[PDB]
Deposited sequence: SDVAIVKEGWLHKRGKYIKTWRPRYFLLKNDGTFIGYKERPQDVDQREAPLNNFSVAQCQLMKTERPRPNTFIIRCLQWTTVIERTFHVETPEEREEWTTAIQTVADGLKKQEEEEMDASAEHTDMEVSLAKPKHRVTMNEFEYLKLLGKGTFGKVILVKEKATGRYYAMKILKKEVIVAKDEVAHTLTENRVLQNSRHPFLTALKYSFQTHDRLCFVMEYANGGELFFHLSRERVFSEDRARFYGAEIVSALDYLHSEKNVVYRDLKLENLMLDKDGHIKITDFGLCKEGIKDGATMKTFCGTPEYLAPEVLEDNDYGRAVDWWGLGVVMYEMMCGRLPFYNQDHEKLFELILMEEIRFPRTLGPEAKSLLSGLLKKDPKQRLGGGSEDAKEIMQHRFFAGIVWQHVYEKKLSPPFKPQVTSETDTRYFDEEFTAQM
């Protein structure tokens, strides 16, 4: 059992629309801090909501009595901002959150301290890398393409301000996710060195080819489903960032989902607007099903050569996403249409993959009939396109 430690109403800062919305938050002793559109009445917790290893800031801008939960999630620093009516309310909340997180560090350290099996033993610096290209900036860091001097190999390096936080063994065993190769700290930075595939950007391949056949999109979609299934069920994590720009190919033509993002909240949104799920736009409560929406948008784009929702005005784009039904090119087949309609259900509870079975729902869809999912995971499907 997981018990509620503190609960109540808070104003949640919005990223895309309303800016400040009232939500009913539960802080639980497993570390989850989750907001709901109304007092829930009653799925497995997602680590995205954990307050474990957070740092807590009080602040008076842009609103008196606001507090921030800042957390490092894998290689990305995220910040969750809230506001209450009184400075007293805020002290109750920050105190409860701290107490929960403290109790998690304590029980964990005690457990590892007890289970250490002559792992009581006691690799790199900035200088070993050549800068080549800025890949992106965020509020607390930057991502750059680097060449490792000693080997000639290319990596993406994520460089974070160390002070806002204060792993390579924790790497996921999945072929199509971005593996962390090194992690190191300087005097003022924490840097993550991660793989960089050299088969090109799928965004660029799709642009040049105009559209992918249903069979080519089925191959890429299967590799993506396999990776998201792993994240969801082995890591208890949602990706939240699936867009075409975040798909690359390796030299053999297999997919790599990239981990190059940084939050931009605090010095143009974070998520690319055309890929955002309705419940993310509305800061409604969200779960594993947000990734299946992203899969829908990306496979719509591969098989149709254009987005399912677009407008240069992002408020009209948001309204398309929330309100308009999808139309399909006249040449798309019914298995593809069935998959895409299912993935792009606006209600996460009705969306394909949104039930307790998660990715299994999608793996069983008739669009994927004949895919051997064990072969997908082992890179035994032969790629329809080999990059140069």
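Please give the gaps, as residue ranges numbered from 1 in the deposited sequence, where no C-alpha is present. Several stretches lack coordinates - namely 1, 44-47, 128-135, 180-191, 293-299, 421-438, in sequence order.
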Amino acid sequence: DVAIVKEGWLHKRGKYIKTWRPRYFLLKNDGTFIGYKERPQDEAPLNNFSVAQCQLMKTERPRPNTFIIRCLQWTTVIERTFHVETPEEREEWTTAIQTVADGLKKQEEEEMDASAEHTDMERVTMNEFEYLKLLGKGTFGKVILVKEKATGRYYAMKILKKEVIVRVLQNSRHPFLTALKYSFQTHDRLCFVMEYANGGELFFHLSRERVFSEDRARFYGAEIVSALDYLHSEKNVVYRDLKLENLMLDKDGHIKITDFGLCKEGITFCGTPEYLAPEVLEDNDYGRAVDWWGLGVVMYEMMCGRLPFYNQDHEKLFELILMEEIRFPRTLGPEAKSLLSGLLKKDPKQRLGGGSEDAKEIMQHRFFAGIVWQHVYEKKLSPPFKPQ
From here on, numbers count along this sequence of modelled residues.
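On average, which has the higher Cα B-factor in the deposited entry, 70-78 or 91-99? If you average the C-alpha B-factors of 70-78 and of 91-99, the larger mean comes out for 91-99.
Between 275-283 and 108-116, which has the higher average C-alpha B-factor in the PDB entry? The entry gives the higher C-alpha B-factor average to 108-116.
Highest recorded Cα temperature factor - choice among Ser213, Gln185, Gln170, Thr258: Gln170 has the highest C-alpha B-factor of those listed.
Tell me, please, which of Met363, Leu26, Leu46, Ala52 has the highest C-alpha B factor according to the deposited entry? Reading the PDB entry, the winner on C-alpha B-factor is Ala52.
Among all modelled residues of this chain, ranked by Cα B factor, put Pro64 in the bottom, middle or top third, i.e. lowest, middle or highest. Answer is highest: the recorded C-alpha B-factor places it there.
Within this chain, which third does the Cα B-factor at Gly31 fall in: lowest, middle or highest? Within its chain, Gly31 is a middle-third residue by C-alpha B-factor, going by the deposited values.
By its CA B factor, does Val225 count among the lowest, middle or highest third of the modelled residues in the chain? Bottom third by C-alpha B-factor.
Select lowest, middle or highest to describe the third in which the CA B-factor of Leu332 falls within its chain in this entry. According to the entry, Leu332 has a C-alpha B-factor in the chain's middle third.
For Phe309, the third of its chain into which the C-alpha B factor falls: For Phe309, the deposited C-alpha B-factor lands in the middle third.
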